[PDB]
$ cat query_33.txt   # compact mmCIF, C-alpha atoms and all ligand atoms
# COMPACT_ATOMS: atom_id res chain seq x y z
CA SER A 1 110.69 193.76 115.92
CA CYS A 2 114.17 195.03 117.20
CA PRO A 3 117.25 196.27 115.21
CA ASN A 4 120.67 194.46 115.19
CA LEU A 5 123.79 195.97 116.92
CA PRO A 6 125.95 198.60 115.15
CA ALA A 7 128.84 197.03 113.09
CA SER A 8 131.21 198.41 115.83
CA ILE A 9 130.56 199.73 119.39
CA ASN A 10 132.77 202.35 121.14
CA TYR A 11 132.51 201.87 124.94
CA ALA A 12 134.81 204.10 127.05
CA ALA A 13 136.63 202.12 129.81
CA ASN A 14 134.17 201.94 132.77
CA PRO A 15 135.37 200.52 136.12
CA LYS A 16 131.70 200.04 137.31
CA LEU A 17 128.87 197.75 136.00
CA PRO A 18 127.44 199.31 132.79
CA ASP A 19 123.91 200.80 133.25
CA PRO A 20 121.53 198.02 132.04
CA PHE A 21 118.88 200.73 131.29
CA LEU A 22 121.22 202.65 128.88
CA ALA A 23 120.57 201.59 125.25
CA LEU A 24 123.54 201.84 122.79
CA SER A 25 121.22 204.24 120.86
CA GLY A 26 121.96 206.68 123.76
CA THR A 27 118.43 206.96 125.29
CA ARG A 28 117.98 205.64 128.85
CA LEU A 29 114.80 203.47 129.31
CA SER A 30 111.77 205.33 130.83
CA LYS A 31 108.92 203.12 129.36
CA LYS A 32 108.31 199.34 129.99
CA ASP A 33 107.57 198.77 126.22
CA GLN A 34 111.25 199.76 125.48
CA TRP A 35 112.63 196.80 127.58
CA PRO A 36 112.08 194.05 124.93
CA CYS A 37 114.47 195.84 122.47
CA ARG A 38 117.13 196.43 125.20
CA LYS A 39 116.74 192.71 126.18
CA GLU A 40 117.61 191.72 122.52
CA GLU A 41 120.53 194.25 122.45
CA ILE A 42 121.88 192.49 125.62
CA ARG A 43 121.27 188.98 124.10
CA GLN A 44 123.11 190.10 120.91
CA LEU A 45 125.99 191.67 122.97
CA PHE A 46 126.57 188.39 124.92
CA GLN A 47 126.65 186.35 121.64
CA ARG A 48 129.08 188.76 119.86
CA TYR A 49 131.56 189.31 122.76
CA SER A 50 131.45 186.05 124.89
CA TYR A 51 129.06 183.17 123.95
CA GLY A 52 128.89 182.81 120.12
CA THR A 53 125.64 182.75 118.03
CA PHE A 54 122.61 181.08 119.77
CA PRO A 55 120.92 179.68 116.62
CA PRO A 56 117.13 179.79 116.04
CA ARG A 57 114.85 176.67 116.01
CA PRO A 58 115.97 174.63 112.94
CA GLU A 59 113.53 173.96 110.06
CA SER A 60 112.51 170.52 111.55
CA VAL A 61 112.22 169.40 115.22
CA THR A 62 110.59 165.93 115.85
CA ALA A 63 110.50 163.87 119.10
CA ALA A 64 109.62 160.24 120.08
CA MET A 65 109.26 158.54 123.50
CA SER A 66 111.10 155.12 123.46
CA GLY A 67 110.80 153.62 126.96
CA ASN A 68 112.02 156.41 129.34
CA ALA A 69 114.20 157.96 126.53
CA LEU A 70 112.83 161.09 124.73
CA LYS A 71 114.75 160.90 121.38
CA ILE A 72 114.85 164.39 119.69
CA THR A 73 115.71 164.51 115.93
CA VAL A 74 116.31 167.87 114.13
CA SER A 75 117.28 168.70 110.50
CA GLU A 76 118.28 171.76 108.39
CA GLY A 77 118.77 171.16 104.65
CA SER A 78 120.20 167.61 104.12
CA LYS A 79 121.81 167.56 107.64
CA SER A 80 120.12 165.68 110.53
CA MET A 81 121.20 165.04 114.20
CA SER A 82 119.58 163.04 117.08
CA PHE A 83 120.14 163.42 120.85
CA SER A 84 118.30 161.54 123.63
CA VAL A 85 117.39 162.75 127.19
CA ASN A 86 116.32 160.41 130.04
CA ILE A 87 113.01 161.40 131.75
CA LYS A 88 112.45 159.91 135.26
CA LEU A 89 108.73 160.68 135.98
CA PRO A 90 108.01 161.54 139.67
CA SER A 91 105.91 159.41 142.14
CA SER A 92 103.38 162.09 143.34
CA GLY A 93 100.72 164.31 141.64
CA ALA A 94 99.13 163.76 138.16
CA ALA A 95 100.38 164.34 134.55
CA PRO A 96 101.23 166.52 132.85
CA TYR A 97 104.13 166.82 135.39
CA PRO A 98 106.48 169.73 136.22
CA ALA A 99 110.15 168.86 135.34
CA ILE A 100 113.76 170.01 135.96
CA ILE A 101 116.41 169.60 133.17
CA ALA A 102 119.72 168.71 134.94
CA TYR A 103 123.02 169.60 133.14
CA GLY A 104 124.74 166.17 133.58
CA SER A 105 123.10 165.63 137.03
CA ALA A 106 121.39 167.61 139.83
CA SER A 107 123.24 168.34 143.12
CA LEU A 108 119.99 169.91 144.49
CA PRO A 109 117.33 167.75 146.16
CA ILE A 110 114.54 167.55 143.45
CA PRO A 111 111.20 166.68 145.20
CA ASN A 112 109.19 163.49 144.30
CA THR A 113 106.49 165.87 142.77
CA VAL A 114 108.88 167.02 139.94
CA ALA A 115 110.31 164.93 137.01
CA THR A 116 114.12 164.70 136.45
CA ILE A 117 115.13 165.22 132.76
CA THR A 118 118.86 164.21 132.57
CA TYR A 119 120.50 166.28 129.75
CA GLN A 120 123.93 165.16 128.38
CA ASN A 121 125.10 168.80 127.89
CA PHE A 122 128.84 167.89 127.35
CA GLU A 123 127.56 165.25 124.83
CA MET A 124 125.71 168.13 123.02
CA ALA A 125 128.83 170.41 123.09
CA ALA A 126 132.03 169.25 124.90
CA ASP A 127 133.57 170.64 128.16
CA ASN A 128 137.15 171.01 126.70
CA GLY A 129 136.88 170.33 122.92
CA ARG A 130 136.56 173.21 120.38
CA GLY A 131 133.77 172.22 117.90
CA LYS A 132 133.02 168.77 119.50
CA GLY A 133 129.46 167.55 120.22
CA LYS A 134 126.06 166.82 118.56
CA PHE A 135 125.47 170.62 118.13
CA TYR A 136 128.67 170.85 115.95
CA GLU A 137 127.96 167.55 114.05
CA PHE A 138 124.68 169.32 113.04
CA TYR A 139 125.73 173.02 112.58
CA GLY A 140 129.47 172.53 111.74
CA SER A 141 132.70 172.32 113.85
CA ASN A 142 133.62 175.87 112.59
CA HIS A 143 130.31 177.27 114.04
CA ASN A 144 131.34 180.12 116.41
CA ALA A 145 128.95 179.03 119.26
CA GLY A 146 130.69 178.05 122.53
CA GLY A 147 129.83 174.82 124.41
CA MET A 148 127.73 176.86 126.93
CA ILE A 149 125.39 178.55 124.36
CA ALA A 150 125.30 175.31 122.22
CA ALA A 151 124.13 173.38 125.36
CA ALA A 152 121.47 176.14 125.92
CA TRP A 153 120.25 175.60 122.29
CA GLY A 154 119.74 171.92 123.22
CA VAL A 155 117.46 173.06 126.11
CA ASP A 156 115.37 175.11 123.59
CA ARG A 157 115.07 171.87 121.50
CA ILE A 158 114.30 169.76 124.65
CA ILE A 159 111.25 172.04 125.30
CA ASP A 160 110.18 172.10 121.58
CA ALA A 161 110.10 168.25 121.89
CA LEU A 162 108.03 168.30 125.17
CA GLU A 163 105.42 170.58 123.38
CA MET A 164 105.22 167.96 120.52
CA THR A 165 105.12 164.81 122.72
CA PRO A 166 102.46 164.92 125.49
CA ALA A 167 103.37 161.16 125.62
CA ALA A 168 106.41 162.27 127.77
CA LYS A 169 103.81 163.44 130.43
CA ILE A 170 105.60 166.83 131.05
CA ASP A 171 103.92 170.29 131.18
CA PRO A 172 106.09 172.31 128.72
CA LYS A 173 105.26 175.60 130.57
CA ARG A 174 106.79 174.24 133.88
CA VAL A 175 110.29 172.91 132.91
CA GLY A 176 113.08 174.04 135.29
CA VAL A 177 116.91 173.75 134.85
CA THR A 178 119.85 173.23 137.32
CA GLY A 179 123.55 172.25 137.51
CA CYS A 180 126.59 172.65 139.81
CA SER A 181 130.02 174.22 139.15
CA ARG A 182 130.60 174.16 135.31
CA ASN A 183 126.83 173.28 135.06
CA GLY A 184 125.97 176.19 137.38
CA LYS A 185 127.34 178.25 134.42
CA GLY A 186 125.51 176.18 131.74
CA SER A 187 122.17 176.17 133.64
CA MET A 188 122.44 179.97 134.30
CA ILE A 189 122.98 180.60 130.52
CA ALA A 190 120.27 178.06 129.46
CA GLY A 191 117.72 179.93 131.64
CA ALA A 192 118.88 183.34 130.30
CA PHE A 193 118.45 182.41 126.57
CA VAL A 194 115.48 179.92 126.70
CA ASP A 195 112.50 182.20 127.62
CA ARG A 196 110.17 179.17 128.15
CA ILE A 197 112.21 177.85 131.16
CA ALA A 198 110.00 178.31 134.29
CA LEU A 199 112.84 178.28 136.88
CA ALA A 200 116.70 178.20 136.74
CA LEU A 201 118.70 176.86 139.74
CA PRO A 202 122.42 177.57 139.07
CA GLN A 203 124.53 176.15 141.98
CA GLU A 204 128.18 177.32 142.63
CA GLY A 205 128.49 178.52 138.98
CA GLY A 206 130.54 181.51 140.22
CA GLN A 207 132.10 183.89 137.63
CA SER A 208 130.46 183.93 134.12
CA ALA A 209 127.21 182.87 135.92
CA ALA A 210 126.43 184.68 139.26
CA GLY A 211 129.56 186.92 139.24
CA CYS A 212 130.55 189.97 137.12
CA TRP A 213 133.85 190.12 135.10
CA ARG A 214 134.82 193.60 136.50
CA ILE A 215 134.58 192.44 140.17
CA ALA A 216 136.54 189.22 139.37
CA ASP A 217 139.22 191.51 137.82
CA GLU A 218 139.32 193.62 141.07
CA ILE A 219 139.33 190.45 143.32
CA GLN A 220 142.40 189.29 141.27
CA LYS A 221 144.00 192.80 141.52
CA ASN A 222 143.62 192.64 145.37
CA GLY A 223 145.73 189.40 145.60
CA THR A 224 143.16 186.49 145.82
CA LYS A 225 143.17 183.82 143.02
CA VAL A 226 139.70 183.84 141.30
CA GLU A 227 138.11 182.75 137.95
CA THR A 228 138.76 185.95 135.87
CA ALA A 229 137.97 186.39 132.13
CA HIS A 230 141.76 185.98 131.46
CA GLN A 231 141.69 182.57 133.30
CA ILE A 232 138.35 181.09 132.12
CA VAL A 233 139.18 180.93 128.34
CA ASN A 234 141.98 178.32 129.00
CA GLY A 235 140.86 174.90 130.40
CA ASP A 236 137.66 174.67 128.27
CA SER A 237 135.64 175.49 125.08
CA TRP A 238 132.77 177.05 127.17
CA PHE A 239 132.98 180.46 125.39
CA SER A 240 133.44 181.42 121.69
CA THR A 241 137.08 181.72 120.43
CA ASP A 242 136.18 185.47 120.06
CA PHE A 243 135.78 185.89 123.91
CA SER A 244 139.61 185.75 124.39
CA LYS A 245 140.11 189.06 122.43
CA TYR A 246 138.16 190.93 125.18
CA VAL A 247 139.21 189.08 128.44
CA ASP A 248 142.11 191.57 128.94
CA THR A 249 139.94 194.73 128.31
CA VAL A 250 136.85 193.99 130.54
CA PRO A 251 136.29 197.72 131.37
CA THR A 252 135.67 198.43 127.60
CA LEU A 253 132.88 195.72 127.38
CA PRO A 254 129.46 197.42 126.92
CA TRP A 255 128.00 194.75 129.31
CA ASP A 256 128.60 192.54 132.37
CA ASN A 257 126.96 189.34 133.77
CA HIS A 258 124.43 191.44 135.83
CA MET A 259 122.75 191.89 132.38
CA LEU A 260 122.64 188.05 131.97
CA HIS A 261 120.39 188.01 135.10
CA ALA A 262 118.32 190.86 133.49
CA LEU A 263 117.24 188.44 130.68
CA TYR A 264 115.14 186.60 133.39
CA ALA A 265 112.97 189.77 134.16
CA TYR A 266 111.01 189.51 130.81
CA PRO A 267 109.21 187.28 130.21
CA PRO A 268 109.39 187.00 134.03
CA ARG A 269 110.73 183.57 135.21
CA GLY A 270 112.21 182.17 138.48
CA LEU A 271 116.00 182.47 139.09
CA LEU A 272 117.40 181.23 142.44
CA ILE A 273 121.24 181.54 142.54
CA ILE A 274 122.65 179.09 145.17
CA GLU A 275 126.30 180.00 145.97
CA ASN A 276 129.16 179.17 148.37
CA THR A 277 130.93 181.97 150.35
CA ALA A 278 133.70 179.49 151.37
CA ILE A 279 135.39 178.79 147.93
CA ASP A 280 137.63 181.74 146.79
CA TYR A 281 137.67 180.75 143.03
CA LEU A 282 133.86 181.41 142.76
CA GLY A 283 134.50 185.07 143.86
CA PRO A 284 131.90 185.30 146.71
CA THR A 285 131.76 189.18 146.81
CA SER A 286 131.54 189.29 142.93
CA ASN A 287 128.54 186.85 142.89
CA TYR A 288 126.67 188.96 145.53
CA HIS A 289 127.39 192.49 144.10
CA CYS A 290 126.84 191.27 140.47
CA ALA A 291 123.48 189.58 141.31
CA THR A 292 122.38 192.69 143.36
CA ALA A 293 123.00 194.83 140.20
CA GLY A 294 121.15 192.31 137.95
CA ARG A 295 118.07 192.44 140.28
CA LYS A 296 117.77 196.24 139.58
CA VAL A 297 116.16 195.30 136.19
CA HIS A 298 113.74 192.91 138.02
CA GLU A 299 113.09 195.85 140.49
CA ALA A 300 112.29 198.39 137.68
CA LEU A 301 109.88 195.86 135.96
CA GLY A 302 108.26 195.10 139.39
CA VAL A 303 109.29 191.37 139.28
CA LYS A 304 111.99 191.79 142.02
CA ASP A 305 110.86 188.62 143.92
CA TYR A 306 111.36 186.37 140.77
CA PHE A 307 115.19 186.68 141.40
CA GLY A 308 116.49 184.92 144.58
CA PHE A 309 120.09 184.86 145.97
CA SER A 310 121.43 182.49 148.69
CA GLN A 311 125.17 182.31 149.68
CA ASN A 312 126.20 179.77 152.39
CA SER A 313 129.67 178.76 153.75
CA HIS A 314 130.50 175.02 153.27
CA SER A 315 133.89 173.30 152.62
CA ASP A 316 132.44 170.71 150.14
CA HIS A 317 131.98 171.92 146.51
CA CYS A 318 128.42 171.12 145.23
CA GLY A 319 127.13 169.66 148.55
CA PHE A 320 123.67 171.26 149.03
CA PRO A 321 123.37 172.36 152.70
CA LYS A 322 120.00 171.87 154.55
CA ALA A 323 120.27 175.61 155.50
CA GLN A 324 119.38 176.57 151.86
CA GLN A 325 116.35 174.13 151.59
CA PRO A 326 113.50 176.57 152.61
CA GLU A 327 114.61 178.96 149.75
CA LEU A 328 114.88 176.10 147.14
CA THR A 329 111.51 174.59 148.28
CA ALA A 330 109.79 178.05 147.92
CA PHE A 331 111.09 178.61 144.30
CA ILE A 332 110.19 175.00 143.24
CA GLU A 333 106.74 175.57 144.91
CA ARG A 334 105.97 178.93 143.13
CA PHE A 335 107.39 178.27 139.61
CA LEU A 336 107.09 174.43 139.15
CA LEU A 337 104.40 173.10 141.59
CA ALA A 338 102.17 176.13 140.67
CA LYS A 339 101.73 176.93 144.45
CA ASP A 340 101.22 180.49 145.79
CA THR A 341 104.24 180.86 148.18
CA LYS A 342 106.40 184.06 148.60
CA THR A 343 109.99 184.09 147.19
CA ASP A 344 111.67 187.31 148.50
CA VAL A 345 115.02 185.60 149.37
CA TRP A 346 118.23 187.74 149.22
CA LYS A 347 120.85 186.61 151.80
CA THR A 348 124.61 185.96 152.21
CA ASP A 349 126.41 184.68 155.38
CA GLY A 350 129.63 186.14 153.82
CA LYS A 351 131.75 188.52 156.01
CA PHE A 352 133.10 190.65 153.06
CA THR A 353 132.07 194.33 152.70
CA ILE A 354 128.66 195.07 151.15
CA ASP A 355 128.96 198.37 149.21
CA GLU A 356 126.61 198.70 146.16
CA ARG A 357 127.64 202.30 145.17
CA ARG A 358 131.16 200.83 144.46
CA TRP A 359 129.75 199.02 141.34
CA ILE A 360 126.37 200.80 140.68
CA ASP A 361 126.52 204.55 139.70
CA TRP A 362 122.99 204.39 138.07
CA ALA A 363 119.38 204.70 139.41
CA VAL A 364 116.42 202.24 139.04
CA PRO A 365 114.08 204.14 136.66
CA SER A 366 110.26 204.21 137.13
CA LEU A 367 109.04 202.34 133.97
CA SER A 368 105.58 203.54 132.71
CA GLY A 369 103.49 200.93 130.82
CA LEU A 370 103.37 198.69 133.96
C1 LIG B 1 140.04 195.66 146.91
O1 LIG B 1 140.70 196.23 148.02
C2 LIG B 1 140.47 197.59 148.06
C3 LIG B 1 141.34 198.11 149.17
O2 LIG B 1 141.51 199.51 148.93
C4 LIG B 1 139.01 197.77 148.39
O3 LIG B 1 138.56 199.09 148.11
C5 LIG B 1 138.19 199.76 149.33
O4 LIG B 1 137.21 199.05 150.06
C6 LIG B 1 137.15 199.50 151.39
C7 LIG B 1 136.12 198.64 152.13
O5 LIG B 1 134.80 199.14 151.90
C8 LIG B 1 136.79 200.98 151.37
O6 LIG B 1 136.90 201.47 152.71
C9 LIG B 1 135.73 201.93 153.19
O7 LIG B 1 135.72 203.37 153.29
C10 LIG B 1 134.70 204.00 154.09
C11 LIG B 1 134.98 205.52 154.17
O8 LIG B 1 135.58 206.04 152.97
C12 LIG B 1 134.65 203.36 155.48
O9 LIG B 1 133.71 203.97 156.37
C13 LIG B 1 134.31 201.88 155.33
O10 LIG B 1 134.17 201.27 156.62
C14 LIG B 1 133.17 200.87 157.40
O11 LIG B 1 133.00 199.44 157.47
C15 LIG B 1 133.51 198.79 158.65
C16 LIG B 1 133.35 197.25 158.61
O12 LIG B 1 132.25 196.81 157.80
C17 LIG B 1 132.84 199.42 159.88
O13 LIG B 1 133.19 198.74 161.09
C18 LIG B 1 133.25 200.90 159.94
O14 LIG B 1 132.72 201.54 161.12
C19 LIG B 1 132.75 201.59 158.68
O15 LIG B 1 131.32 201.65 158.74
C20 LIG B 1 135.46 201.28 154.55
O16 LIG B 1 136.67 201.48 155.28
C21 LIG B 1 137.66 201.85 150.47
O17 LIG B 1 137.08 203.14 150.24
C22 LIG B 1 137.81 201.22 149.12
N1 LIG B 1 138.87 201.83 148.33
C23 LIG B 1 138.74 202.13 147.04
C24 LIG B 1 140.06 202.34 146.35
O18 LIG B 1 137.67 202.16 146.47
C25 LIG B 1 138.07 196.94 147.58
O19 LIG B 1 136.93 196.92 148.41
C26 LIG B 1 138.60 195.56 147.34
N2 LIG B 1 137.87 194.99 146.27
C27 LIG B 1 137.46 193.76 146.39
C28 LIG B 1 137.07 193.09 145.12
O20 LIG B 1 137.48 193.17 147.46

$ encode --input "query_33.txt" --output "structure tokens" --more "lines below"
Ligand SMILES: *[C@@H]1O[C@H](CO)[C@@H](O[C@@H]2O[C@H](CO)[C@@H](O[C@@H]3O[C@H](CO)[C@@H](O)[C@H](O[C@H]4O[C@H](CO)[C@@H](O)[C@H](O)[C@@H]4O)[C@@H]3O)[C@H](O)[C@H]2NC(C)=O)[C@H](O)[C@H]1NC(C)=O
Amino acid sequence: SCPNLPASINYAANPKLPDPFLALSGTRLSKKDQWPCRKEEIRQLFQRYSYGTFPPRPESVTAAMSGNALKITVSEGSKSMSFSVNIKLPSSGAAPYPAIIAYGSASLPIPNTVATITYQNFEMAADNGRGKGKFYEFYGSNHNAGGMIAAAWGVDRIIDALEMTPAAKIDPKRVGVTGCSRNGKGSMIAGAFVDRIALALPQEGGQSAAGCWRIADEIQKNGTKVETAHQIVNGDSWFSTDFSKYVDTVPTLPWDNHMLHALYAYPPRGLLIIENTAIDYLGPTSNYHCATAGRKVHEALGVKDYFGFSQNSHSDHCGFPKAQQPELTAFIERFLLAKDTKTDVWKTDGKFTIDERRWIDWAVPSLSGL
């Protein structure tokens, strides 16, 4: 349906967030029916420069309920791998149930109307181990995928297995995803690459997730210690070994993380970013300005209200404040509990400067076809 990227891309150093509506072809999007092919371009850019290859569904996926365990087996040629996820069914409403996949564990309050699928994402592909995890046992240790995109592949397989196994009692069309800190990152990427996810809730994922690389670079340049591209490729195997060629030349990247958010605008799905203005290393002003740029794609495609942003000041990392509950309730209501509640939430309590034009030198086009 869409072409692959040129063998090589020449992108002139740009100190602002690249126009998400500007195809590498050269033509700027003016028609809705062009967006799908730009969306793949973006997906392919992320995999080449930062994430590694997000593989397709393997030749076999099979699943099997075994008590509360959903045991998912896959194979490709003679190779086979199994990974198990715990499902804790809720105590309110009737099957098939809406669910949330938690990277390791939730730090959001999940209502008693929504199932809790507990995904062992570091078990799938390790936190700080190059080529370690089920993913790499299956595909090879030398496979160029990073532990973030390999975890996201596991979420694609989790949903394949819920489509195959009504026994699990989970509506496949209403599976959310969430995580905090490192799993804010994972959950954000899972939701960006798995189109079938109904709602992503990344919490305090900061840079790589909510924040843009260019703004992290400028936060650093201004004196405050923050999670820059240069920093993030060190304590972990989250990104492909290729990412560390580019960390020092961010302005020449034909993309930024605002285009990760853009992947959520088609097919339209819920994205509430929950963030913390108090912790410097997240880059509070990056998160806000980066998100605000990402939502421009949602705005063009008339699905603005499917992308929520909430930034709150709290000393404790990953402690959900009660202040952010109405916003979380609303997004769970609309996209998981199939209720009809409004979700235009875009707020920070942060006291930094809010200047869009600093990062966004491009206009939201009127897309015809919608
Ligand atoms: C990194 O630090 C640099 C420091 O240079 C910083 O870039 C600068 O940001 C400031 C803050 O916005 C810019 O200064 C602005 O300039 C306009 C006029 O040119 C002023 O009117 C703005 O002020 C208003 O805001 C005040 C408080 O909100 C109001 O009380 C007041 O009445 C005005 O309405 C403001 O001074 C400056 O132009 C840029 N400089 C450059 C080089 O672009 C950058 O913001 C910092 N980056 C990060 C990541 O923090």

$ residues_near_ligand --input "query_33.txt" --ligand "ligand LIG 1 (chain B)" --cutoff "8 Å" --atoms "only C-alpha atoms and all ligand atoms" --output "NGL selection string"
:A and (215-222 or 285-286 or 352-355 or 358)

$ residues_near_point --input "query_33.txt" --point "(108.3, 179.8, 136.2)" --cutoff "10 Å" --atoms "only C-alpha atoms" --output "list in words"
residues 173, 174, 175, 176, 195, 196, 197, 198, 199, 200, 267, 268, 269, 270, 271, 306, 331, 332, 333, 334, 335, 336, 337 and 338 of chain A

$ residues_around --input "query_33.txt" --residues "region 43-49 of chain A" --least-positions-apart "6" --cutoff "10 Å" --atoms "all atoms listed in the file" --output "ChimeraX atom specification"
/A:4-5,9,37,144-146,149,192-193,239-247,253-257,259-260,263

$ closest_residue --input "query_33.txt" --among "A:265, A:158, A:290, A:330" --to "residue 304 (chain A)" --atoms "all atoms listed in the file"
A:265

$ atom_distance --input "query_33.txt" --atom1 "CA of residue 208 (chain A)" --atom2 "CA of residue 35 (chain A)"
22.9 Å

$ atom_distance --input "query_33.txt" --atom1 "CA of residue 57 (chain A)" --atom2 "CA of residue 298 (chain A)"
27.4 Å

$ closest_residue --input "query_33.txt" --among "A:312, A:84, A:53, A:324" --to "residue 157 (chain A)" --atoms "only C-alpha atoms"
A:84

$ closest_residue --input "query_33.txt" --among "A:82, A:99, A:302, A:329" --to "residue 171 (chain A)" --atoms "all atoms listed in the file"
A:99

$ closest_residue --input "query_33.txt" --among "A:66, A:187, A:228, A:341" --to "residue 281 (chain A)" --atoms "all atoms listed in the file"
A:228
